[PDB]
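Step one of this worksheet: look at the structure below.
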Amino acid sequence: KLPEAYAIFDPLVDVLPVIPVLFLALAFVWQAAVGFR
Amino acid sequence: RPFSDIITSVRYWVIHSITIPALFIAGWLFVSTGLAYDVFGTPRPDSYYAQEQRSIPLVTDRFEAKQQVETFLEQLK
Amino acid sequence: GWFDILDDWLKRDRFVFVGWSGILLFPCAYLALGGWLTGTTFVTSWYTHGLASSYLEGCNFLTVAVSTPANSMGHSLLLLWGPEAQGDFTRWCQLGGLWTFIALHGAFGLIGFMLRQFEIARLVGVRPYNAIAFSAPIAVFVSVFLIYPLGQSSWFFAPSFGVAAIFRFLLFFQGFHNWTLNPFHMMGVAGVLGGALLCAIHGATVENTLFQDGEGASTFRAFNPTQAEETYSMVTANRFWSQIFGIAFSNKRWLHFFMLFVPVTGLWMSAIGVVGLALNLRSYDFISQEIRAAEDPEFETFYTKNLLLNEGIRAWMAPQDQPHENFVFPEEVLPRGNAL
Amino acid sequence: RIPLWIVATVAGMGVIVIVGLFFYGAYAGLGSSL
Amino acid sequence: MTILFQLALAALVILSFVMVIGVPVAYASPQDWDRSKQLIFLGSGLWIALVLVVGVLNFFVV
Amino acid sequence: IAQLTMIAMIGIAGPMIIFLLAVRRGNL
Amino acid sequence: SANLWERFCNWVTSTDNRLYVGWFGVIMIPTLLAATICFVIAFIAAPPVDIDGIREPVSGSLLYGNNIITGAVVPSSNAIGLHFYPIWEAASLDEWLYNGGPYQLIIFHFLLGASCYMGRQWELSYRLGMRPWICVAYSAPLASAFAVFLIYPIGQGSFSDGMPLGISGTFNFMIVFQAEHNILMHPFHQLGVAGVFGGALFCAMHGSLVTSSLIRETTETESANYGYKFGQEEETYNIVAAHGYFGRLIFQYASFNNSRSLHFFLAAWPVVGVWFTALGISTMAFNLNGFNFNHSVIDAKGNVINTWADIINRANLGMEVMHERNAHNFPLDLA
Amino acid sequence: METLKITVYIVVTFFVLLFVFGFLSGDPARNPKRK
Amino acid sequence: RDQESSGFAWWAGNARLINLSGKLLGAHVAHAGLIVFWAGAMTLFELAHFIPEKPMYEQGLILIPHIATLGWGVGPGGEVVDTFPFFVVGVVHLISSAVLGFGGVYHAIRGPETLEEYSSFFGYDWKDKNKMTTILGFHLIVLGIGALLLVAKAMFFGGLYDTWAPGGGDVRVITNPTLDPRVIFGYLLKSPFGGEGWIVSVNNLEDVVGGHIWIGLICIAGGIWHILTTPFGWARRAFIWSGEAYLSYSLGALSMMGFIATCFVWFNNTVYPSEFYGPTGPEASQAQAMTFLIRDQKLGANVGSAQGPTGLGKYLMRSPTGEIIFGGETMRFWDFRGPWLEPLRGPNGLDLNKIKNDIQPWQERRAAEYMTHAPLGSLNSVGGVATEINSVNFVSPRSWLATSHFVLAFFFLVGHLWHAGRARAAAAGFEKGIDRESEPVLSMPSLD
Ligand SMILES: CCCCCCCCCCCCCCCCCC(=O)OC[C@H](CO[C@@H]1O[C@H](COC2O[C@H](CO)[C@H](O)[C@H](O)[C@H]2O)[C@H](O)[C@H](O)[C@H]1O)OC(=O)CCCCCCCCCCCCCCCCC
Ligand code: CLA
Ligand code: CLA
Ligand code: CLA
Ligand code: CLA
Ligand SMILES: CC1=C(/C=C/C(C)=C/C=C/C(C)=C/C=C/C=C(C)/C=C/C=C(C)/C=C/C2=C(C)CCCC2(C)C)C(C)(C)CCC1
Ligand SMILES: [Ca+2]
Ligand SMILES: [Fe+2]
């Protein structure tokens with residue numbers, strides 16, 4: 001139970017976990033931008 | 001004209017930024033206005049059974065089917 | 001003459017080749033795909049199977065489907081303007097008119113498409129073995145979605161268009177026709193299973209038996225779109241398999257014809273088996289087995305075991321699966337093992 | 001013109017959003033169980 | 001103390017967001033990372049004190 | 001209630017840190 | 001003698017053997033001969049096996065009333081569970097044949113050898129200078145035998161729950177599986193059928209496209225096959241004519257022109273799909289089953305509105321409620 | 001019966017040794033070129 | 001460009017870093033960041049949803065229960081006392097993720113693209129049998145210290161959660177680690193089949209702690225040994241020395257550890273307390289028998305002599321070697337041992353006298369709890385059998401862990417085969433095709 005104070009960040013922490021996936025994704029945004037070299 | 005060129009033409013987006021969401025909001029309303037339910041005779045969450053009845057409105061004979069279906073809607077089904 | 005001008009236009013090489021065939025293919029093919037996508041999200045199966053069957057009702061991509069017509073309809077073509085719907089559209093929908101629609105339309109759509117292959121083949125001047133092959137899928141569709149229910153009481157027992165709605169078609173066939181025990185279904189799978197092997201095995205044999213025609217690691221670019229030499233060592237492949245399996249190809253012409261044969265023959269057999277299930281002429285039991293099981297209570301094979309699984313499938317499903325029969329099976333009559 | 005790699009990553013997220021809305025709809029809609 | 005805590009903790013988030021999008025484009029375009037080698041340094045140094053601020057400051061709020 | 005607000009930003013962030021590079025043209 | 005052992009190693013490894021007995025082969029050849037020889041005898045003459053540990057022998061051999069379709073080699077007893085049951089663990093063979101000993105002797109030697117068979121599919125490729133990876137294609141069908149013969153049993157707590165070695169015995173494995181796991185409603189199985197259906201599909205595509213675009217070199221009354229000689233330099237079909245036709249069937253960019261990319265896809269598809277199917281059985285071996293949409297869609301009052309998902313549950317209950325008649329003594333089936 | 005165990009064990013050891021002492025015998029060496 | 005298509009194809013991009021030590025370091029430092037990030041970011045996610053007065057297994061937790069086991073924030077019977085250690089472990093990691101991530105990004109886009117020159121100590125050569133044996137040696141020590149970092153927490157800093165706790169599950173300080181090699185290493189000589197379960201049969205914290213003591217030392221010992229050496233002769237004439245080949249070896253290694261982990265979380269009761277995770281597969285089937293033998297016995301049934309449909313023994317029967325066990329399909333799990341059930345076991349297995357009047361209420365409800373929380377569930381998380389109804393949203397942490405890791409473990413074994421197959425062809429040198437000119441097969445006699 002996110003210690004009373006940090007509660008305002010409950011929502012924030014709700015999405016943190018999924019971030020790692022994003023990186024594997026970004027690598028693709030990049031290559032696309034760099035025209036799959 | 002090579003898709004690539006079109007999907008990139010600012011003209012394209014200038015057109016479809018309007019068209020695409022257009023179609024979307026339309027279908028949305030199609031459902032949200034309850035119209036779809038009548039176009040397809042599909043039951044609303046409160047129209048599978050009559051309050052008491054727990055039987056199913058099974059169509060039982062081909063020719064007088066449409067007629068039979070209409071009556072099923074009768075019992076406030 | 002306009003005809004040759006009509007032709008001229010059609011056989012014109014566009015992005016999406018039309019052709020004479022298209023005059024049949026596209027109208028249908030689109031209507032079939034369209035009707036499905038429509039019912040999947042809008043039409044219900046309440047008045048038909050007492051089932052919610054569309055997104056609008058709450059079904060997800062797996063549970064949605066265009067369910068068959070009532071059993072009352074019989075084999076009726078259920079035309080929008082026929083004695084049933086009577087020109088009315090909504091009623092048509094509720095009486096499962098959308099099934100015979102998708103069925104019959106898609107049917108013509110498979111005719112058009114095969115014709116296309118035939119037409120395009122001719123133009124491009126290649127042999128029509130792509131068309132011969134496609135006879136296999138036609139047979140399946142024809143025997144299963146048409147011939148089958150045509151032998152039963154009505155369209156109601158044909159497979160309903162949908163993911164889950166097809167799984168029950170499978171479970172049904174086990175339970176009622178004991179289909180897995182059918183010589184033809186077996187050949188069927190031997191072909192599809194065996195065909196998905198040739199596919200995988202040949203593919204790998206090629207990719208790992210390639211000559212070096214480039215200096216890169218990603219050998220894909222190293223390919224000559226313009227024939228010339230064989231891109232992989234057919235001679236090496238032969239020796240490999242000849243030493244690991246004992247048998248190995250050595251005539252690409254045959255190796256490739258074989259690949260047409262195996263899965264097309266398989267599907268043809270699986271069809272015949274079903275054409276027989278239409279008349280219920282199934283491969284349900286082995287009489288010698290049943291006779292010994294009757295007289296002797298200690299004789300038990302994995303076969304007898306299965307038949308009991310069928311009894312349960314039939315007894316516990318029949319009720320909500322065949323509504324028109326107003327089945328009522330008292331709890332005491334329901335076959336069940338101990339505890340469960 | 002509009003850079004392709006952007007047409008994609010935009011049309012892309014755009015799909016993860018709609019397809020994700022569907023997944024949410026699975027714990028709330030009628031397809032719920034509650 | 002509390003708002004003082006929510007300030008440090010909340011600012012520490014925006015610095016991170018800013019720091020995260022920064023450092024990348026930083027080493028990215030060699031248009032400097034000599035002048036920004038200054039910016040990044042301050043962001044990095046700053047960050048740590050902040051964590052230490054929220055760290056010690058946590059025991060007074062929760 | 002709607003911390004979708006979060007995702008959104010940290011979401012356009014990934015593509016941003018390469019886009020700005022497409023502008024400052026360099027090192028991709 | 002250049003040195004016996006030095007020689008031995010040269011023979012074993014020799015690429016001049018009709019059948020390449022490799023290093024992996026030294027383990028393969030024996031294990032596979034035992035598995036095969038024990039099976040054939042079992043299947044023909046083994047006596048009834050108390051598969052469910054409830055003293056209710058299931059005879060599955062020809063000489064004991066079975067035919068090819070029904071007959072099978074029955075799984076070790078449930079009384080045995082996951083315990084190792086080598087012949088030297090029984091007071092007698094009579095006891096060993098009754099508790100389904102042959103089953104283990106077979107599955108273990110087979111799985112052992114079929115792996116080395118993979119190890120070999122690598123070795124020979126090495127001794128021949130060809131790229132590896134073929135053995136990786138064979139990892140899929142193997143990874144299945146493994147899932148069906150070992151993972152599932154480990155997961156479920158008994159070898160008696162492994163797939164029987166026989167036609168009907170397999171249908172049993174399937175029908176029951178479905179009831180306890182609702183596999184048809186699991187992503188991994190679906191990917192499996194996509195790979196298999198797809199494979200057969202593609203297998204037919206390639207097969208036809210190629211065979212149909214062969215360069216003429218044969219008579220009107222001569223097998224079109226002779227138009228190919230083992231050890232040719234150039235190709236035997238017009239891959240440009242092939243692509244020309246197929247590109248027009250659907251549309252150009254949706255058609256292969258690179259034989260290498262074609263063949264990679266051709267291998268990649270089924271192997272990847274079957275990999276998932278194998279992971280499905282290996283996953284449902286720990287009870288993480290298919291989607292359970294039972295009574296999801298309910299109406300405005302709370303009534304349960306059935307979907308095809310429910311009609312599927314009834315068929316499953318029939319299987320549940322009838323399998324293993326006499327083996328259960330309690331409410332929940334946790335085994 | 002206690003014998004068979006012994007025999008089986010011996011037999012499996014043979015082959016398993018033949019296997020390890022096999023790849024050990026400089027297997028990389030055995031192949032077309034670079035070795 | 002420093003590295004583009006005239007290196008490798010795009011989708012094999014990361015192989016273009018096979019020879020850029022520096023950048024190949026950013027990757028490993030940036031990656032190691034993602035793991036800490038996750039560990040950290042997830043813990044806070046778990047805690048953010050964590051409800052103290054409710055089983056952990058009923059909340060989809062898989063990290064908080066890992067901490068709980070090391071004796072943190074819990075007490076009697078796995079009761080959650082203080083959620084602080086959880087919040088801590090979570091935030092700390094989350095922070096360190098930023099530190100590592102910094103270095104990763106740095107070493108991969110600013111710092112030296114190669115190392116050999118910007119410092120010969122760090123730069124390295126794949127074929128440099130010594131640098132390799134040495135770096136390996138460094139890591140073999142770092143891991144060794146870690147193994148002791150556990151031995152410490154248990155013996156000095158607090159303890160671990162011992163479910164077998166004499167007074168009943170509780171955090172206990174191990175001050176008597178089994179160091180007897182005969183026992184410790186005994187485990188490795190244990191069968192992996194039913195009963196003798198090999199490593200997974202570890203059933204008390206002394207061996208766990210003890211064994212880790214041995215690993216820590218044995219491990220660091222080898223760390224020094226490699227620092228101070230080079231592979232012998234066979235060691236060299238046996239392996240392939242290349243960037244890929246080394247990878248492969250570590251791939252097959254993880255795969256194997258992945259399978260071993262799958263079985264540990266599925267079978268083990270000790271290092272995976274049923275109090276934080278769920279009841280084990282066998283443990284739950286056992287509990288059903290317990291529950292009903294307990295019930296019916298209260299209705300006046302003599303469990304000892306009850307005859308079931310088959311004539312085997314509704315409640316109690318015998319195993320193949322004579323011991324008294326629970327009856328029913330549960331006969332397959334007679335190897336299950338557990339705090340709640342042990343006090344009923346005698347020298348011959350379940351004792352008919354204790355079962356007859358020593359069953360305690362806490363056991364009755366334990367058996368009931370575990371019975372109704374067996375590891376059976378669906379992908380969409382609907383606890384129970386495939387034919388069950390929606391309502392109880394639950395899927396045992398033991399099921400999640402076990403499946404995820406079998407998949408990963410598997411694909412990694414493919415990864416092994418793939419990277420090893422590539423390395424052997426790469427070495428001898430034909431991983432790009434058969435030499436059109438010198439086609440090996442063509443120089444070999446026809447077997448025909
Ligand atoms: C050779 C090439 C090979 C390429 C291979 C590529 C492979 C790619 C794999 C990609 C993805 C794998 C995804 C696994 C997803 C698991 C999703 C899940 O666990 O999801 C769980 C959720 C939950 O669903 C919800 O489950 C809920 C309830 O559970 C519970 O809730 C209740 C209260 O609400 C009670 O508490 C109850 O007890 C409790 O259990 C409710 O019932 C909801 O009504 C219900 O909607 O999923 C949903 O909604 C799901 C809706 C899903 C549609 C899913 C389609 C999945 C796969 C399609 C594959 C097609 C493949 C074609 C391939 C062709 C060629 C290869
Ligand atoms: C998972 C980790 C991972 C890592 C660490 C790397 C790392 C790297 N890759 Mg791969 N790659 C990956 C996954 C990964 N890759 C995947 C999945 C694919 C297939 C889609 C590829 C395909 C690929 C190709 C085709 C190529 C590379 C190349 C490279 C190097 C590129 C250097 C460059 O110019 O960066 C460009 C980077 C940017 C413009 C922005 C990057 C921002 C990242 C670092 C951080 C984001 C986090 C956050 C914003 C930072 C804040 C930190 C905080 C502490 C302040 C680099 C060493 C190239 C190479 O071989 O170089 C020698 C190359 O040609 N990669
Ligand atoms: C994981 C492996 C790793 C390795 C091998 C290196 C190696 C290197 N780094 Mg990186 N680095 C890493 C991770 C790593 N780094 C991470 C995660 C970050 C993010 C903060 C950085 C950030 C970083 C920067 C900003 C710079 C380097 C630089 C350098 C090089 C410095 C030269 C040197 O030897 O001084 C290394 C320095 C020390 C050892 C002194 C540090 C002393 C204190 C503050 C920390 C001690 C840490 C550790 C706990 C000690 C254990 C002791 C033991 C008895 C218990 C060197 C090649 C410099 C460079 O560009 O070189 C060319 C440079 O400017 N690194
Ligand atoms: C892709 C995502 C992914 C994720 C999220 C996970 C996640 C997880 N895996 Mg997993 N794994 C993966 C991929 C993944 N894995 C792959 C590809 C493989 C190869 C097949 C594995 C193989 C694997 C195995 C074999 C195991 C796991 C396990 C675990 C869990 C470990 C918990 C832990 O503490 O971490 C591990 C953390 C470390 C190594 C850091 C070392 C920390 C030490 C130094 C100190 C600890 C503190 C000390 C005791 C305190 C002392 C204080 C002092 C003052 C006294 C965790 C849930 C384990 C488990 O419990 O499964 C049920 C397990 O046994 N995984
Ligand atoms: C444990 C460490 C490990 C490491 C360091 C590597 C490293 C590498 N591998 Mg390897 N691999 C591993 C394990 C590992 N692998 C395993 C277990 C397998 C078995 C499947 C493979 C199978 C494999 C193949 C078949 C190939 C490589 C290749 C490569 C190189 C690729 C370069 C690149 O750009 O990849 C970046 C990779 C991609 C872009 C792959 C696309 C993945 C997509 C399809 C799915 C991503 C799924 C995501 C995690 C889940 C969410 C999906 C979303 C839609 C919902 C690189 C050197 C390639 C090579 O050239 O090797 C010499 C190559 O062809 N690997
Ligand atoms: C905020 C925050 C933070 C941080 C952050 C981070 C670290 C982040 C990251 C992030 C990331 C890392 C992101 C990413 C994103 C991405 C995306 C969003 C992507 C997308 C993509 C796409 C959409 C694609 C597509 C495509 C197409 C369409 C075509 C083909 C190809 C391709 C595949 C390319 C912290 C913790 C301090 C705290 C709290 C707050
Ligand atoms: Ca929250
Ligand atoms: Fe081919």
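Within each chain, counting starts at residue 1; across the structure tokens, chains are named A, B, ... in the order shown, with ligands numbered 1 upward in that order.
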
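Within 8 Å of chain B, chain C contributes the residues residues 42, 43, 44, 46, 47, 48, 49, 50, 56, 57, 70, 71, 72, 73, 74, 83, 84, 85, 90, 91, 93, 94, 95, 323 and 324 of chain C, using only C-alpha atoms.
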
Write the residues of the preceding selection, restricted to N, CA, C and O atoms, as a compact mmCIF listing (two decimals), in the first residue's frame.
# COMPACT_ATOMS: atom_id res chain seq x y z
N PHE C 42 -23.01 -7.26 -35.20
CA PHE C 42 -24.39 -6.79 -35.04
C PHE C 42 -25.55 -7.75 -34.87
O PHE C 42 -26.40 -7.53 -34.02
N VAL C 43 -25.62 -8.81 -35.68
CA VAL C 43 -26.74 -9.75 -35.58
C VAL C 43 -26.60 -10.77 -34.44
O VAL C 43 -25.49 -11.23 -34.11
N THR C 44 -27.74 -11.14 -33.85
CA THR C 44 -27.79 -12.09 -32.75
C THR C 44 -28.27 -13.49 -33.15
O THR C 44 -28.81 -13.69 -34.24
N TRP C 46 -30.24 -15.32 -30.90
CA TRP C 46 -31.22 -15.61 -29.86
C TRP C 46 -32.43 -16.37 -30.40
O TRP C 46 -32.79 -17.44 -29.91
N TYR C 47 -33.08 -15.80 -31.41
CA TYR C 47 -34.27 -16.42 -31.96
C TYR C 47 -33.91 -17.71 -32.68
O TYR C 47 -34.78 -18.53 -33.03
N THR C 48 -32.61 -17.92 -32.85
CA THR C 48 -32.15 -19.08 -33.58
C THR C 48 -31.56 -20.21 -32.71
O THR C 48 -31.93 -21.38 -32.87
N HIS C 49 -30.65 -19.88 -31.79
CA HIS C 49 -30.04 -20.88 -30.92
C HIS C 49 -30.11 -20.46 -29.45
O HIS C 49 -29.51 -21.09 -28.60
N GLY C 50 -30.84 -19.40 -29.15
CA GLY C 50 -30.89 -18.97 -27.76
C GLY C 50 -29.47 -18.63 -27.32
O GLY C 50 -29.05 -18.96 -26.20
N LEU C 56 -22.01 -6.56 -30.27
CA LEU C 56 -23.07 -5.74 -29.71
C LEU C 56 -23.72 -6.34 -28.46
O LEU C 56 -24.27 -5.60 -27.64
N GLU C 57 -23.66 -7.67 -28.32
CA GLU C 57 -24.26 -8.34 -27.16
C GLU C 57 -23.25 -8.63 -26.07
O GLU C 57 -23.63 -8.90 -24.93
N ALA C 70 -32.68 -21.62 -37.70
CA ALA C 70 -33.41 -22.53 -36.82
C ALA C 70 -33.50 -23.88 -37.50
O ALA C 70 -33.17 -24.02 -38.68
N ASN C 71 -33.94 -24.89 -36.76
CA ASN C 71 -34.07 -26.22 -37.35
C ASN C 71 -35.42 -26.26 -38.10
O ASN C 71 -35.63 -27.11 -38.97
N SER C 72 -36.31 -25.34 -37.73
CA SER C 72 -37.63 -25.22 -38.33
C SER C 72 -37.47 -24.89 -39.81
O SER C 72 -38.19 -25.41 -40.65
N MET C 73 -36.51 -24.01 -40.10
CA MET C 73 -36.25 -23.60 -41.48
C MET C 73 -35.96 -24.80 -42.37
O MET C 73 -36.28 -24.80 -43.56
N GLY C 74 -35.36 -25.84 -41.80
CA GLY C 74 -35.03 -27.01 -42.59
C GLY C 74 -33.87 -26.63 -43.47
O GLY C 74 -32.96 -25.94 -43.01
N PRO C 83 -40.46 -16.85 -48.61
CA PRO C 83 -41.57 -17.10 -47.69
C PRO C 83 -41.29 -16.86 -46.22
O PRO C 83 -42.20 -16.56 -45.44
N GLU C 84 -40.02 -16.98 -45.81
CA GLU C 84 -39.67 -16.81 -44.41
C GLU C 84 -39.57 -15.36 -43.97
O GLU C 84 -40.38 -14.88 -43.18
N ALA C 85 -38.54 -14.68 -44.48
CA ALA C 85 -38.28 -13.29 -44.16
C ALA C 85 -39.32 -12.38 -44.79
O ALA C 85 -39.71 -11.37 -44.20
N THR C 90 -34.66 -7.06 -41.13
CA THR C 90 -34.44 -7.39 -39.73
C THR C 90 -34.88 -8.82 -39.39
O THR C 90 -34.13 -9.55 -38.74
N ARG C 91 -36.07 -9.21 -39.82
CA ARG C 91 -36.55 -10.57 -39.57
C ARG C 91 -35.53 -11.56 -40.14
O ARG C 91 -35.11 -12.50 -39.46
N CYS C 93 -32.51 -11.28 -40.60
CA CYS C 93 -31.38 -11.37 -39.70
C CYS C 93 -31.66 -12.29 -38.53
O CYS C 93 -30.85 -13.18 -38.25
N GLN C 94 -32.80 -12.11 -37.89
CA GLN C 94 -33.19 -12.92 -36.73
C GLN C 94 -33.51 -14.38 -37.05
O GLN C 94 -33.57 -15.19 -36.15
N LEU C 95 -33.71 -14.70 -38.31
CA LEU C 95 -34.02 -16.07 -38.70
C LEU C 95 -32.78 -16.72 -39.28
O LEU C 95 -32.85 -17.79 -39.89
N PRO C 323 -31.83 -27.20 -28.93
CA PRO C 323 -33.04 -26.59 -28.36
C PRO C 323 -34.37 -27.03 -28.93
O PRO C 323 -35.32 -27.24 -28.18
N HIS C 324 -34.46 -27.18 -30.24
CA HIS C 324 -35.71 -27.57 -30.88
C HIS C 324 -36.26 -28.90 -30.43
O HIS C 324 -37.38 -29.25 -30.77

Which chain A residues have any atom within 12 Å of an atom of ligand 5, and for each, what is the nearest pair of atoms with distance in Å to one decimal, counting only C-alpha atoms and all ligand atoms, rows sorted by chain and number, as JSON lines?
{"residue": "A:18", "atom": "CA", "partner": "ligand 5", "partner_atom_place_in_ligand_line": "51 (C)", "distance": 11.0}
{"residue": "A:20", "atom": "CA", "partner": "ligand 5", "partner_atom_place_in_ligand_line": "49 (C)", "distance": 10.0}
{"residue": "A:21", "atom": "CA", "partner": "ligand 5", "partner_atom_place_in_ligand_line": "51 (C)", "distance": 7.0}
{"residue": "A:22", "atom": "CA", "partner": "ligand 5", "partner_atom_place_in_ligand_line": "51 (C)", "distance": 9.5}
{"residue": "A:23", "atom": "CA", "partner": "ligand 5", "partner_atom_place_in_ligand_line": "49 (C)", "distance": 10.2}
{"residue": "A:24", "atom": "CA", "partner": "ligand 5", "partner_atom_place_in_ligand_line": "49 (C)", "distance": 7.0}
{"residue": "A:25", "atom": "CA", "partner": "ligand 5", "partner_atom_place_in_ligand_line": "53 (C)", "distance": 8.2}
{"residue": "A:26", "atom": "CA", "partner": "ligand 5", "partner_atom_place_in_ligand_line": "39 (C)", "distance": 11.2}
{"residue": "A:27", "atom": "CA", "partner": "ligand 5", "partner_atom_place_in_ligand_line": "39 (C)", "distance": 8.4}
{"residue": "A:28", "atom": "CA", "partner": "ligand 5", "partner_atom_place_in_ligand_line": "39 (C)", "distance": 8.0}
{"residue": "A:29", "atom": "CA", "partner": "ligand 5", "partner_atom_place_in_ligand_line": "39 (C)", "distance": 11.8}
{"residue": "A:31", "atom": "CA", "partner": "ligand 5", "partner_atom_place_in_ligand_line": "39 (C)", "distance": 10.2}
{"residue": "A:36", "atom": "CA", "partner": "ligand 5", "partner_atom_place_in_ligand_line": "34 (O)", "distance": 11.1}
{"residue": "A:37", "atom": "CA", "partner": "ligand 5", "partner_atom_place_in_ligand_line": "34 (O)", "distance": 11.2}

Selection file, N, CA, C and O atoms, as a CSV table (one decimal), in the first residue's frame:
chain,number,residue,atom,x,y,z
A,18,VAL,N,5.0,-1.5,-17.4
A,18,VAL,CA,5.0,-1.7,-18.8
A,18,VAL,C,6.2,-1.0,-19.6
A,18,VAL,O,6.5,-1.5,-20.7
A,20,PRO,N,9.5,-1.1,-19.7
A,20,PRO,CA,10.5,-2.0,-20.4
A,20,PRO,C,10.1,-2.4,-21.8
A,20,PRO,O,10.9,-2.4,-22.7
A,21,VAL,N,8.9,-2.8,-22.0
A,21,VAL,CA,8.3,-3.3,-23.3
A,21,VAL,C,8.6,-2.2,-24.3
A,21,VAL,O,9.0,-2.4,-25.4
A,22,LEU,N,8.3,-0.9,-23.9
A,22,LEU,CA,8.4,0.2,-24.8
A,22,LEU,C,9.8,0.3,-25.4
A,22,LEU,O,9.9,0.5,-26.6
A,23,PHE,N,10.9,0.0,-24.7
A,23,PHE,CA,12.2,0.0,-25.3
A,23,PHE,C,12.3,-1.0,-26.5
A,23,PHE,O,12.8,-0.6,-27.6
A,24,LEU,N,11.9,-2.2,-26.3
A,24,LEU,CA,12.0,-3.2,-27.4
A,24,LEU,C,11.3,-2.5,-28.5
A,24,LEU,O,11.7,-2.7,-29.7
A,25,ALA,N,10.2,-1.8,-28.2
A,25,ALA,CA,9.4,-1.1,-29.3
A,25,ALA,C,10.2,0.0,-29.9
A,25,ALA,O,10.4,0.0,-31.1
A,26,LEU,N,10.6,1.0,-29.1
A,26,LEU,CA,11.4,2.1,-29.6
A,26,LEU,C,12.5,1.7,-30.7
A,26,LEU,O,12.6,2.4,-31.7
A,27,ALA,N,13.2,0.7,-30.4
A,27,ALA,CA,14.3,0.2,-31.3
A,27,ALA,C,13.7,0.1,-32.7
A,27,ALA,O,14.5,0.2,-33.7
A,28,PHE,N,12.4,-0.1,-32.8
A,28,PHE,CA,11.8,-0.2,-34.1
A,28,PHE,C,11.4,1.2,-34.6
A,28,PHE,O,11.5,1.5,-35.9
A,29,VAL,N,11.0,2.1,-33.7
A,29,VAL,CA,10.7,3.5,-34.2
A,29,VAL,C,12.0,4.0,-34.8
A,29,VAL,O,11.9,4.4,-36.0
A,31,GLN,N,14.9,2.3,-36.1
A,31,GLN,CA,15.2,1.7,-37.4
A,31,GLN,C,14.4,2.2,-38.5
A,31,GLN,O,14.8,2.4,-39.6
A,36,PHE,N,15.6,1.4,-42.0
A,36,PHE,CA,16.1,0.0,-41.9
A,36,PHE,C,17.4,-0.2,-42.7
A,36,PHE,O,17.4,-0.7,-43.8
A,37,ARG,N,18.5,0.3,-42.1
A,37,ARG,CA,19.8,0.1,-42.7
A,37,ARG,C,20.4,-1.2,-42.3
A,37,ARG,O,20.9,-2.0,-43.1

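For residue 141 of chain C, the non-local neighbours within 12 Å, defined as residues at least 4 positions apart in the same chain or in other chains and counting only C-alpha atoms, are residues 103, 104, 106, 107, 108, 109, 110, 111, 134, 135, 136, 137, 145, 146, 147, 148, 149, 158, 159, 161, 267, 268, 270, 271, 272, 274 and 275 of chain C.
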
May I have the residues within 12 Å of residue 19 of chain F as a PyMOL selection string, using only C-alpha atoms and disregarding those fewer than 6 positions away in the same chain? (chain A and resi 26+29-30+32-34) or (chain D and resi 3+5-6+9) or (chain E and resi 21+24-25+28-29) or (chain F and resi 12-13+25-28)

Residues of chain A at most 12 Å from chain E: nearest atom pair and distance in Å, only C-alpha atoms, as a Markdown table:
| residue | atom | partner | partner_atom | distance |
| --- | --- | --- | --- | --- |
| A:2 | CA | E:62 | CA | 10.3 |
| A:3 | CA | E:62 | CA | 6.5 |
| A:4 | CA | E:62 | CA | 6.6 |
| A:5 | CA | E:62 | CA | 6.3 |
| A:6 | CA | E:6 | CA | 8.2 |
| A:7 | CA | E:6 | CA | 10.8 |
| A:8 | CA | E:6 | CA | 9.2 |
| A:9 | CA | E:10 | CA | 9.1 |
| A:12 | CA | E:13 | CA | 10.3 |
| A:13 | CA | E:13 | CA | 11.8 |
